[PDB]
Structure formats: C-alpha cells, structure tokens
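# Examination of the molecular architecture
Residues per chain, in single letters:
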Amino acid sequence: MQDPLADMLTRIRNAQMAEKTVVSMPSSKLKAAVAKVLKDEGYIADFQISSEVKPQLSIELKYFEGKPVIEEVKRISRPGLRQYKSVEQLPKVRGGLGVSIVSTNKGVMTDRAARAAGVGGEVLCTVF
Amino acid sequence: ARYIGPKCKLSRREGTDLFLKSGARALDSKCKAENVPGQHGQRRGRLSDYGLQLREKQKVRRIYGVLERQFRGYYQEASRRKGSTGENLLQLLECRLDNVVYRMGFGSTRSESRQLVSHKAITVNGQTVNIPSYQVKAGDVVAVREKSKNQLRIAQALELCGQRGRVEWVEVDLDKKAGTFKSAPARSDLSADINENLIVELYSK
Amino acid sequence: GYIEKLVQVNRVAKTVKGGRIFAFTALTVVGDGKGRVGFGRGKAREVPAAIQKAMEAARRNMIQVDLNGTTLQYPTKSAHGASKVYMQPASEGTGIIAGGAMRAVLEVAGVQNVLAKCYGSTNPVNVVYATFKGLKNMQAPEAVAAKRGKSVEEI
Amino acid sequence: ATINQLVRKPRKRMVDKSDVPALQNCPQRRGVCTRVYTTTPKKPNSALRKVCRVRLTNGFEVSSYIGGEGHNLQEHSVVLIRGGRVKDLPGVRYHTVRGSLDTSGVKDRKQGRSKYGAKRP
Amino acid sequence: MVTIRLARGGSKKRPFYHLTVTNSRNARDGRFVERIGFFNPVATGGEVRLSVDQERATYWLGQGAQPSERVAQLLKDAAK
Amino acid sequence: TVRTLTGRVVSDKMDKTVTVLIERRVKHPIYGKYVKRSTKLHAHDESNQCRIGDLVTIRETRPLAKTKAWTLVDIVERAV
RNA sequence: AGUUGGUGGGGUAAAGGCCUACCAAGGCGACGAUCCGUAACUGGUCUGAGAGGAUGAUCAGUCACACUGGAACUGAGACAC
RNA sequence: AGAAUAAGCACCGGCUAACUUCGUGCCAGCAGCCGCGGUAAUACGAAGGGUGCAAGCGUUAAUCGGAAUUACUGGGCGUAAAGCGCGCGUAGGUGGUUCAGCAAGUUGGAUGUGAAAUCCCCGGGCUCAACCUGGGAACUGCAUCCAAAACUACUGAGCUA
C-alpha cells in the first residue's frame, strides 16, 4: 500500500518459509531493479517482467540444501524513516558475507560496489 | 611501596615456584609448598572462575613485585599499544630495570635486583638510574656502577644465573659485568605456565 | 581430550504426600576445545550423580561450529525463549568477554576472542540454548558462496 | 514507540529522589540530639537499637542510628550524621559517625576500628 | 597595538614560551590572534630551542606589530 | 552571489510590507526524522504587489523597521 | 496599543518605534507565545562499546556584576571594582 | 655513618578473594541485598590464621554504567503495566504506476570557517612517570560553489491495480 518495495521482500520471505518455487507481484522500476541486484548476486535464480499494461514481476527461487539461500531479508529505508548513508557509513551485513542493497546515483547496486564506486545513497534492504 | 614479608606463603598460596628465593635450594626443601599457608592448609575446595583470574593476576604481580596501580596503568598502556592486549602486557613489565638486571643475573632474585638498582649501583647507557620501574629499550646497555663492580652479590648471582636458564634476548659480559638489551622477548621466550588471557578478562569486570 | 565445564547446579523440589523430595539439576557443556561443542542436562537425587548424568547427555548432543579461526566470523544475534544473545568477533588478544552462563560455551567451543552480551532473561539454561542456536547457524564464507553459486569473490 | 510519536514527545527519564534529603548533597551534616531512645525492629529481628533524634544545621529533624556497643550521648549533644539507612528500623535513614564531636568511639574495639572511631592501642 | 610577545606555557621552574601575536591589552597567557613560533630556554637534546616561522613574523611586523625586548633579541638570534 | 530565500506569503494586511513563511526541514538530532519547520519573516515591499498565497523571494538586507530586515526580490508565482 | 507597520521630523559614531507627531489595526502564539521555578553560556569534564546520559571546578573565549537603586561627566574607548 | 629513621587500613556466609576457637545467647549487636544472632554462630565481640590494598585504607555524598529499567541504536500492550467504548474528521505523518524536467533532500569533491588548550596518533625533554612540548589527526557542524539524477520532495503530462 504505502511501501511497495517492502512488499517485494516480504513476498519473497514468506515464500521461502513455505518452500514455494515462484512468486508473482506487480512490477516497478525499483522492484525490477532490486531483482537485478539479487539475481546478479545469486540469491534469486532469475526474474522476468511480463510486459503488459499491468506488468507482473516473477521470481523463481533458489534452495541449496532445502534451506532457502536467503536466510534473512530485512527492509531498512522504510517510508516512515528513510535512511541515507555515506560511502564510509554503508552497512556491512554479517561482516561482508551478506549484501546491503543501496540505491546510489549510479543506479541500484550493492554496498560492495558502492564503496568501490565511492558513492552513497539510500540503504534499501539487507540480505543474507 | 613494596611487599616485605615471608616469601613461601606467596608461592604456597598459589602452588607455583615463585622466584622470590635464590636457586641455591629447591623450594620443597625450604617450605611446605604442597599446602596453602595458614592454619587451614590441608583443606580442599574448588576455586571460583573469578578467583582463578585473580590468583593468575597476583602471580604476575608477585613474580615481578608490582602493585596493580602500575599494573592497571601497565594494562592501560598495553590496552593502549597496538596488537594483542595479551603479549603487550608481559613485555611492559619485562622491560623494568630491576627485572632486566635480574635477567642479566646481577641479582639472584628480583628483590636483590630492585635494591641493587635502587641503590644507584646500575647505570644504563652511562647514566645512573636508581628506579626499579624504568623502561629499557632495544639496544640499551645496562651496566653496574664502577664502585659497585666488586660487589660479591652480583659476583655470586652471576654464577647463580648460569643454573637458571640462559635467557636469549639479552647477553652479559662477565668481565665488564655489563649487558645489552637486544629486543623485547615474545611469548615463546617467557614461561608458558602463565595465562595472560586471564589478565585481560579479569580487568573487564 | 574433552574439556568439560560446569555452568550451574540447581536444587529443584517436588511435593508429595508428606514432606518434599529434593532433586539436583546440573547443566554442563562439553567440547573438544577447537571445533566441537555440546551441552546437556541431567537430574539426579545427588550432586555427584547429577553432574555425571549431564556429562553423557552433553557429549551425545554435539555439533560442528565453523569458526573463522581462534575467533568467530560475523556479528550475529540469537534468541531462544525471551533470552536474546549478541556475539561479535574480536581481534587477537582480548579474552572471552561474555556472561558466565555463556562464557563456558564459547571457551569450550574453541572461541578465545569474542565480544558477547545477554539481552532479556539471563536463565543459564536458556542462554546456553540461544548461543548454541547462534553457533549452530554459523556459516563460513565458502558455504555462503556455495549457496549463491559464486566464488569467495562475493567478499 | 513509533518514531513519529517519539519526535513530538521524547523519551522521559525519571530522576530518583535521594534517600538522604536532610543531608542536602553533602557527605555529612552537624546536628544536636533532641531525644535519645531505643526502638524495636520489624518482624524477624528483636533488639533494642539506640536511635537519637537530631536537629540538623539546616533545620531538618531526623533520627539516625547509633552504631557500636554503648554510647555516651544524651540530650543537647553535638553529633555528625552520615548517610545509609537501617533496614529493620522503620524511619531511620542516617548513621551517626562515632569518633567526631561529642559521640566518642566505642570502648575496647579492636577490629574495624576506623568505621567506629576507635583509637589504636 | 598588536604586539609579538612570549606566552609562558611550560611548567614550574621549567619555562616554555610561545611566540604569540596578540593585542597588547590581552593577558600574557590569555587571548591572542595567532601563534607564530616558540622558544625553549631549557632545551636539552632533540628539543628545538627556537622556531620562528619567519614568513608570518614579517607579515605582522609589516602590519605594525611591536615585538617585546625578548622577542626582538630572539628574532635577531633566529636570523643570525 | 547573494543568498535569497524562497517561501509562501501568509499576511499582507500591513502597509508596504508582507509576511512570508519559510519552509525548513531539520532532522531530529536523535530520531533522525525530517520535521517541517516554520520561519515567518517580515519582508519589506516598497510598493505593494504581493497578495496572500504567492511564492516570493527575499534577501537579508537593511534593517528598515523593528522586525523588518528582509526585502523582496520578485514574485516567482502569483496566486491567481 | 509604541504595541505592529507607514509618512514627516528629531536622535545615534551607525540602521532601527531609538524618540516623537499623524494615519492604519496591526504584531506574536500548540512549530508553545505569555507566565512560574531554576540557571551564567561555550571549548570542554565525568561516565559509556557506541548512541547517549550527567555536568559547566582548575585553564581558555564571551557575558553580567562591583555595598543596594539610579544618573550622567570626562575620555578614542565607561555609564567606570 | 649506621639497617640503622619509616606499616597501616578494610574484609573472610553467598554475591566476593579469604576460617577456626573462645565469650554472648533474638540480649549484646551486624547489616549494600539475601539475611545472622532465641546455649556447639566460618554472618555478633575478641584471639589466632588468611585475604585484598598499602602511605594509604574504608564510610558517606553525587554522576554515569551495569539498566535492553524511556529501548534512535535497542523494549513492550490477549492473560504479567499498557488498544481510547466506538465512528467521522482538522493540523500533521505517510502515500499505487509510467515518461520528462528541476535539484531542496540525497551522494562525491573543492573552498571558507569550525579560536587556543584538552581527547587521540607518532616523536622530543625532565634519571622514568605524573608533567611539558613539536607535528598530525579530529572538531561527526555550518555556509558557498561545482558535478550526478537511483529514491524522496516539487513541476508538467499520462495509466488503472
């Protein structure tokens, strides 16, 4: 309703508790772009956009040993409290093993790349 | 100040060979090291976790004759200095002038070394330093004052230092009765019977 | 070669027709001291029997914690029944900064340099469960790369 | 809890009132004894504790415990009072420092002499 | 008047002086506009006895600053 | 060159002066949430044009009344 | 209700209701005005892993005061320990 | 010149390192909490012993911590304290999706400032230390300018969830 992005993570998180294979939900620039980071990071197998006037976003999910690959996904920059960090202040999820997706001005992209690119932005969510 | 008193009780309380006595005789022939001092030396009873750390703390304190206020500052400086707080600790009080002289063997015990150093009888780098707690550096030469060269105490202790374990990190010239501090020893160079990790954990309480 | 530590000994009781009966409950933690750890409980009428029953029960329920080496890998938080525990890796030198209830667990499990804190209830039985759950869910970097299907380049 | 609810009204910290209000942020005060008496403790205890009512230099009237065995205090005696209450004595929240001004230290004391103002023999 | 004087900034029986640019009305160790150098009368080993920062010393001198009888001697000694 | 502020005007029932509301957003020091703030300033208007509801711009300028140190730049938007 | 603006004049080293004459009814306030109690402020200090909490000795910057109230004089500078 | 002029304080039931005896017997008393003492007290008084500290040792008074016990970091509201009796609604807070613009937020850099001392890092001088001091770091802030347009704010144009 008032946070379509957090709807994406919770839809993903609920499915992995229920051992579902694919999920469907309306798409957007942020939803598709965050799916880009997740797929290139290996947390999701693949994502497609059903290009119609009302587009969906479909994610097929990954399980390694039955346990879902994404152990935990947590929203950070909620609409009630938008969170902005500098390059030095960007979070490190689980000591660098995880990824904290940060929407910088060079597109949506991970915290590891943001430090390399030397740009901060809005810390959207943390993954592990 | 300094602790003045019977020395076996310090070793008997812990049950470890504290080097408060010269190596002329083994401690068992001098004192009942198998009992803690006092009337109730024959009892039993497991020490608590905190007690083990505190007993570990006083072993390092009693071996070198240091009060905790300096030790706490020595801990603070060890906590200050980069690297592990563990080995930063023992180096700080191993570089004391009295302890270095004891390693040089000019005194049979650190108590002799402290009195001998405090009596202006030791000059390091040519200048008389009469304080036990001076921190010597790498390459510093520590010598005995020329008027004190004929002291039988250093004359006796130098031989007693032979049958005590030749320490590698410092060398002594017998004829000149002067030695140089090469470098600060590492963990392997000191006795492993200590547990310096008990030092850090106790001071976090 | 198994190092064993006693966390607590507790005197519980139950009432019957006439007086009360006393039972001693002890919880201990066992481990190799490098990579293995295990905890167990045991109830017996007497302390020498009580601490012993905990011994086999602990050694029969052990796991494999994947430490980074002399320390833990990543700061993690674990909870079990109103007992929240936070543990963070620490550099070489600092001792075991943890509560006496869990200090046995990290020290026995081979951890020697860690920063830990207990939040919420501090029941020794429950906090041991909490740290155990955190240590069991521990993941080494090569395992996470396997989940995401990449190399250690993800760091 | 809501971050917006906190912005309007920040979290408030209670300030506990001192358990020694008549001392007024001072380590000790000087007073005179208006009444020396003995009182009975609560349920578990049973004794005759010596307590005296003190008129402090700031006007406060309080009762403070007299520690030790035996005391020489009576009406119109200048004493120094320190903090710390007595759990089994209702209404007593101060202690009388032995060995200062009129209240002499306990006679024949050998252990813990400094706490009770006792000379070394 | 702006003046260049010495601010006693050492310890008991062990004086240390800061060569200080300040208004003459301010106290000796008090307010100033700029410190330019220092002087060590009891320097023993590696302690520099007198550092002047000759650049800024000329600028305030060109602005009308009047050095005291000690700084003027030290200023010449630095250049001599 | 010169810092000019923009705001919504609120009152114009005076002579040759108009009151402009300035919108600010300062984060709470602890909770880090942006809270909208108000800064009503008594702007001077040598001739009167601005009516209520118009966005205008003002410069910190000469104090020319007891509460009037800001004067108008121009109307950027007129409340038709 | 000089209260908030405007106009003329006076006044200051200088703008300004700083003062005055006249005109208008304005100005501030739940974004806390006004009132009550307390209090010199800051760099800083203590504690804390940090975020924070407590505090404003020594030293340094600013301010206010000089037995209480008020007033001006001289002077570049004071309404002056 | 001569060991000659130089050791005391608190505690020992658990928390908390350190125990026996004697006298007392819910009296005397201790006590930060649990609590001890009513005739065989490691908890009272004394002795011995030990413990910790040491020209200092304890008590008080006060702040912070422990206290995640005002929880932003970092708490809760079925029964432990906590969902207004229930609607509507003002200020406010937050707002589906697409394109373009702008640049207040946001990000990076530069400049000025953020007094000195202090905190911190590397050195130097007092026989060492306390202390002094050199340089650096920091002052997490503000102001201006320059770049960027993923997200928020604004503007313009749309779409139907």
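Counting of residues begins from 1 for each chain and follows its sequence as written, which need not mirror the entry numbering; any residue without coordinates is not displayed. Chain labels run from A onward and ligand labels from 1 onward, assigned in the order the entries are written. Shown here is a subset of chains from a larger assembly, with all values computed for this subset only. Calculation of side-chain values draws on the structure's entire complement of heavy atoms; hydrogens and water are dropped beforehand.

Method-wise, the PDB entry is recorded as coming from cryo-EM, at a reported resolution of 2.46 Å.

Attention now goes to the interface of chain F and chain D. A contact between two residues is defined here by any heavy atoms of the two lying within 4.5 Å. Every contact between the two is made by 4 residues of chain F and, on the other side, 6 residues of chain D. Here the quantity called buried area is the total loss of accessible area, with a 1.4 Å probe, experienced by two parts when brought into contact, counted for both. Of the roughly 460 Å² buried between chain F and chain D on both sides combined, carbon and sulfur atoms contribute 70%. Take a side-chain nitrogen of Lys or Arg and a carboxyl oxygen of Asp or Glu: if they are within 4 Å of each other, that pair is a salt bridge. Applying the counting rule to chain F against chain D returns 0 salt bridges. In protein, a polar contact requires one atom able to donate a hydrogen and another able to accept it; more generally it is a pair of N or O atoms within 3.5 Å, and residues adjacent in sequence count only if both atoms are side-chain atoms. Here chain F and chain D share 2 residue pairs in polar contact between them. Residue composition of the side of chain F that touches chain D, grouped by class: 2 nonpolar, 1 polar and 1 charged. Residues are grouped as follows: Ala, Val, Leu, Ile, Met, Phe, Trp, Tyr, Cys and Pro are nonpolar; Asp, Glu, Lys and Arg are charged; every other residue, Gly included, is polar.

Residues and elements named next belong to chain C. Together, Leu-6, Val-9 and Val-47 line one region of the surface with nonpolar side chains, adding up to about 210 Å² of accessible area. Counting from the N terminus, the helices are DSSP H or I runs at least four residues long and the strands are E runs at least two residues long. Relative to the assigned elements, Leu-6 resides in strand β1 (residues 3-15). Here's how the labels work: a residue is buried when its accessible area is under 20% of the maximum for its type, exposed when over 50%, partly exposed in between, all with a 1.4 Å probe on protein chains only. Accessibility expressed as a relative area gives 43% for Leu-6, which makes it partly exposed. Patches were defined on residues exceeding 30% relative accessible area and lacking a salt bridge, with like-charge contacts within 9 Å and nonpolar side-chain contacts (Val, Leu, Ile, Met, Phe, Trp, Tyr) within 5 Å. What sets the accessible areas is the Shrake-Rupley method with a 1.4 Å probe; for residues, cover comes only from the shown protein chains.

Turning next to the sheet that holds strand β2 (residues 20-31) of chain C. All names here are of chain C. The rule for pairing is simple: two strands pair if DSSP sees at least two bridges between them. Sheet architecture is open: 4 strands sit in the order β1-β2-β3-β4, paired in antiparallel fashion. Lying at the two open borders of the sheet, with one neighbouring strand each, are β1 and β4 (62-64). Here the strands of the sheet are splayed against their neighbours by 15° on average, with no regard to which way each runs. Bridge count between β1 and β2: 12 bridges; the pairing is antiparallel. The residue bridging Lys-5 from the neighbouring strand is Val-29, located in β2. Note on geometry: axes are C-alpha line fits, over the in-contact stretch for helices, and angles between N-to-C directions span 0 to 180 degrees. The sheet strands contacting helix α1 (residues 47-59) are β1, β2, β3 (36-44) and β4, and the helix crosses β3 at an angle near 145°.

This part takes up the packing of aromatic side chains. Stacked, tilted and edge-to-face are the three classes applied to pairs of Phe, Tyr and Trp rings, where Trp contributes its six-membered ring and a pair requires centres within 6.5 Å; stacked means planes under 30 degrees apart, edge-to-face means over 60, and tilted covers the rest. Here the structure, examined in full by the defined rule, presents 8 aromatic pairs over all chains. When the ring of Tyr-75 of chain B is compared with that of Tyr-203 of chain B, the centres are 5.3 Å apart and the planes differ by 50°; the resulting orientation is tilted. One end of the pair, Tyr-75 of chain B, is in helix α4 (residues 68-80); the other, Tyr-203 of chain B, is in helix α9 (residues 196-203), with 128 residues separating them in the sequence. Judged on exposure class, the residue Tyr-75 of chain B and its partner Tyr-203 of chain B are both buried. When the ring of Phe-39 of chain C is compared with that of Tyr-129 of chain C, the centres are 4.9 Å apart and the planes differ by 75°; the resulting orientation is edge-to-face. Taken together, the residues span a long stretch of sequence, with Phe-39 of chain C in strand β3 and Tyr-129 of chain C in helix α3 (residues 124-136) at a distance of 90 residues. According to the relative accessible area criterion, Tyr-129 of chain C is partly exposed, its value standing at 35%. Here a set of aromatic residues connected by ring pairs shows up, and it is made of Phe-71, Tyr-75 and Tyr-203 of chain B. We call a charge positioned over a ring when the NZ of a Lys or the CZ of an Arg lies within 6 Å of the ring centre and within 35 degrees of the ring normal. Taking NZ or CZ as reference, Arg-110 of chain B lies 4.7 Å from the ring centre of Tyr-64 of chain B, over its face. Of note, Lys-147 of chain C hangs over the ring of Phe-128 of chain A, and the distance from its end group to the ring centre comes to 5.1 Å.

Glancing now at the pattern of salt bridges. Under the criterion given, the structure shown has 26 salt bridges over all chains. One salt bridge in this structure joins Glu-94 of chain B and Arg-103 of chain B, with 3.0 Å as the shortest N-O distance. Here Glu-94 of chain B and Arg-103 of chain B have matching classes, each one buried. Here the residues in one salt-bridge network are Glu-41 and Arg-112 of chain A together with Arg-148 of chain C, joined through shared partners.

Here the focus is the protein's contact with RNA strand G. Residue and element names in this part refer to chain F. The immediate surroundings of RNA strand G are formed by 23 residues, with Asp-15, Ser-38, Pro-63, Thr-67 and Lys-68 found nearest. The sugar and phosphate moieties of RNA strand G supply 84% of its atoms located within 4 Å of the protein. Taking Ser-38, its side chain carries an N or O atom lying 2.4 Å from a base nitrogen of RNA strand G. Breaking the surface near RNA strand G down by element, the ones donating at least two residues are β3 (34-44) and β4 (55-65). Residues belonging to the surface near RNA strand G are distributed by class as follows: 5 nonpolar, 6 polar and 12 charged. We call a residue near a given molecule or strand whenever any one of its heavy atoms falls within 4 Å of it.

With that settled, consider the interface of chain C and chain A. With 16 residues of chain C at the interface, the matching set in chain A holds 16 residues. Between chain C and chain A, a total of about 1400 Å² is buried, with carbon and sulfur atoms accounting for 51% of that surface. On the chain C side of the interface with chain A, the three residues burying the most area are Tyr-74, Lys-147 and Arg-148 of chain C, jointly 45% of the side's total. Applying the counting criterion to the chain C and chain A interface returns 1 salt bridge. Where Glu-41 of chain A meets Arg-148 of chain C, a salt bridge forms, and the shortest distance between an N and an O atom there is 2.3 Å. Here chain C and chain A share 7 residue pairs in polar contact between them. Within the residue set of the side of chain C that touches chain A, elements represented by two or more residues are β5 (76-79) and α4 (141-148) of chain C. Classifying every residue of the side of chain C that touches chain A gives 6 nonpolar, 5 polar and 5 charged.

Looking now at helix α5 (residues 85-94) of chain B. Residue and element names in this part refer to chain B. Judged by how many residues are buried, α5 sits mostly within the fold: 9 of 10 residues are covered. Three or more residues of α5 are buried, namely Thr-85, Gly-86, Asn-88, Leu-89, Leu-90, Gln-91, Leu-92, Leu-93 and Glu-94. If you follow the buried residues of α5, they end up packed against α3 (49-64), α4, α6 (97-104) and α9. Its side-chain oxygen at 3.1 Å from the backbone nitrogen of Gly-86, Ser-84 defines the N-terminal cap of α5.

As a further point, take the state of the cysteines. Residues and elements named next belong to chain B. Count a disulfide wherever a pair of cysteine sulfur atoms falls within 2.5 Å. Evaluated as defined, the whole model comprises 1 disulfide over all chains. One disulfide in the model links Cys-8 with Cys-31; its S-S distance is 2.0 Å. Looking along the S-S bond of the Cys-8-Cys-31 disulfide, the torsion reads about 60°, which is the right-handed sense. Separated by 23 residues along the polypeptide, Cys-8 in helix α1 (residues 8-14) and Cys-31 in the loop between α2 (27-30) and α3 bring together distant segments of the chain. An identical accessibility class is assigned to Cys-8 and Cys-31; each is buried.

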